[PDB]
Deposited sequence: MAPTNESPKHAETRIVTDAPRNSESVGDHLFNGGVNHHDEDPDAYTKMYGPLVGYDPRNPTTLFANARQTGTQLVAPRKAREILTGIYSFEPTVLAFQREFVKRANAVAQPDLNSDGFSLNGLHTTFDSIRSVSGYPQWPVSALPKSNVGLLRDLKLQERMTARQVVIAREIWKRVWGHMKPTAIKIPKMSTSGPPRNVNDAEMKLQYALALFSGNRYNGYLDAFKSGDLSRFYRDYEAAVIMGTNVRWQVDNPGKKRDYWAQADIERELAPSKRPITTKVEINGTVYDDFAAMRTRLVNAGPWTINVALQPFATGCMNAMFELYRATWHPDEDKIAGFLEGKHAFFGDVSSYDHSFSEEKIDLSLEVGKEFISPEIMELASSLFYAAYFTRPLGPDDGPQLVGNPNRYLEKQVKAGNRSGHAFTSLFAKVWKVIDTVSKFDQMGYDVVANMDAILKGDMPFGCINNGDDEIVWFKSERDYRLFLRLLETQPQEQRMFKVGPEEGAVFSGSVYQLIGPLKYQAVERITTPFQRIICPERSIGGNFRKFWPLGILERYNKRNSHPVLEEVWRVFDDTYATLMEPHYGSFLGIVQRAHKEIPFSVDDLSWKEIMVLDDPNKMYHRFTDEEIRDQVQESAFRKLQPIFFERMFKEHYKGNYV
């Protein structure tokens, strides 16, 4: 067949997906063009006069995006209970007494500890409100961050060279289809079987071409009707423990319609649990995250993952070094651990557009414009504070025009790729400001065969130098960088942390990796999510892994001593033994703490690390399958043959 539509004229819900499960071998949708149409139901229908109904069958209307609701931190222990709060008080005070952060002027910890334990007096499930909204424009943020208005000529050349190498190489890799997250509109279900069947549809017959024709027409009704697609972001919230004494502000929902780049209001949330003020406790910090619909992202992800997998291979020293060897690598080398403020939101419009423009050299233009549509899409959010209502920001009916300019948009197939590449572009520009010819020597820099380079994990980076004069001029360059050179607001990172571990300065140019000592106790005592449920099915593993290496560092060992003793006195009599709780749940999960590598345990705690930190080769199938369905490259080879002109790696 040669059908161009995913949704044909066939009668809907006339077949059952249970009768056409995918066997890894043949794409049934090749044999039957009406199959996707028949196995799923009629859509509600898109009325351009009220686009929010895209999200109607999903959490609805008025429920807050971040409700105040106590977490189950451990089996039978809930975060709003006084006993817990009293425990947190005593633990933090005891842990502070046993260890204080010993930092030098460069920002390195000499003892391993980089901060106090005060943040563990945070009440999980009790959010700072309002959750800060996304303004229609970010130019006020660029101006507040005193960043460049545009890139310099040389920076545009450097960016073109690096993106040429990234878009120009692809290592075809399975599309990862997430099991536990929403498809977003129009179906708004957490159904990886549907997401997979949709993918088989898009990549069978002439559906991808048909999808793009509909996309580029600008006829939202047609694109929705025939491909169950609409260019619009839904909204989520991520929770984390806040840092004492940082400026806590937010963009109000009421302000974002009044001007494009409104100023920020102060968060004033206090912790009061049924009329009892906890003046020494913090509410959880909340951050708005967008999430793109599967039916938009599925068309972009092959390129995203293909380009990134090739990038990890061709330029491993920059983008995918053996994490366990980093400390040994930096030995005898000077190191700058960068810290970036509002990285992703601070991406200029020019930078997003340049990325997609260079991509058109290697990928069909309609695919890059689709990507451009999602980066700049309208979004719908449920209330962000208790006084707000639901809100559509932007006009999705005009999706071919830019609606929201929010930099490297969260929820986009390209988000991690963009994070990774632009941080290197920034840093390599600095190498060029130092008087080296980065264009001539670009591959050697990226492969790590020059006297200096950078080790990247998105906004987190290590810039390394064999020479002390290079290192010093680099620091000088940052202290004296004029605004027109300033791509991102970068400063040195207190504690010198990279990918979760403090790089302890144990001797002259000798570093030692230790996981941030606060992390274990934050993740237990102040979790983003309750144990179990959707995202925390494997929760005993992360705890037991950490507990089993408690003796591996002197400060870690003493803090764990204070956790155990304090838990034993203040918690155990009410809730039972800590290890009792952790081991009983341990025995319920399919993997032992000893069955798994540290990398596999991280993926089980955050599956999205499969999209940016680990490859298929490092994580066993049984672990990946816990969170993902997959569609192997052969099933979208045809699409690539037509739409990709780069090199296969």
**OP:** May I ask you to mark the stretches of the deposited sequence that the structure leaves without C-alpha coordinates?
**Re:** 1-9, 68
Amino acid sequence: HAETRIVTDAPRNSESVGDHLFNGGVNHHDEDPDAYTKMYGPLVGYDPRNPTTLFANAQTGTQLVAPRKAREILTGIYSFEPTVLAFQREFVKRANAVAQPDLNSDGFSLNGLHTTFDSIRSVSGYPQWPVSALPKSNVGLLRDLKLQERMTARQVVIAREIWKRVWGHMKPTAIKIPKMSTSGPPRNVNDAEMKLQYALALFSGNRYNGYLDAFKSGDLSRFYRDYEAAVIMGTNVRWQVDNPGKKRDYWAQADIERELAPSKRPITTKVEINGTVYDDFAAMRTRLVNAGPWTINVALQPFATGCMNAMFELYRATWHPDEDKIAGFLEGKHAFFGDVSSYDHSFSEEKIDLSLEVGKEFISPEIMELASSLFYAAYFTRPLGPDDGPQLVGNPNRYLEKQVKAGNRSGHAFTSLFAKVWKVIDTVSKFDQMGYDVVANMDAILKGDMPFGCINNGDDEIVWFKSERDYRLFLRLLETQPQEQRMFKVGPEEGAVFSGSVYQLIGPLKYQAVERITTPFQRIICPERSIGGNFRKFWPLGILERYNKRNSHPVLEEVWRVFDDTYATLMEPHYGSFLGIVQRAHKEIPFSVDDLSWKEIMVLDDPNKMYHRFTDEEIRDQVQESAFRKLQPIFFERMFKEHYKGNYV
From here on, numbers count along this sequence of modelled residues.
Original post:
Can you tell me which stretch has the higher mean Cα B-factor, 388-396 or 484-492?
Top reply: 484-492
**OP:** Can you let me know which of the two, 274-282 or 524-532, has the higher average C-alpha B-factor in the entry?
**Re:** 274-282
**OP:** Among the candidates 572, 81, 468, 565, give the one with the maximum CA B-factor reported in the record.
**Re:** 468
**OP:** Could you tell me which one of 195, 333, 546, 238 shows the highest CA temperature factor in the PDB record?
**Re:** 333
Subject >> B-factor third for the C-alpha atom of residue 49 within its chain >> reply: highest
**OP:** Could you say whether, by C-alpha temperature factor, residue 125 belongs to the lowest, middle or highest third of its chain?
**Re:** lowest
Original post:
Is the Cα B-factor recorded for residue 553 in the lowest, middle or highest third of its chain?
Top reply: middle
**OP:** Could you say whether, by C-alpha temperature factor, residue 603 belongs to the lowest, middle or highest third of its chain?
**Re:** lowest
**OP:** Sort the modelled residues of this chain by their C-alpha B factor and say whether residue 42 lands in the lowest, middle or highest third.
**Re:** middle
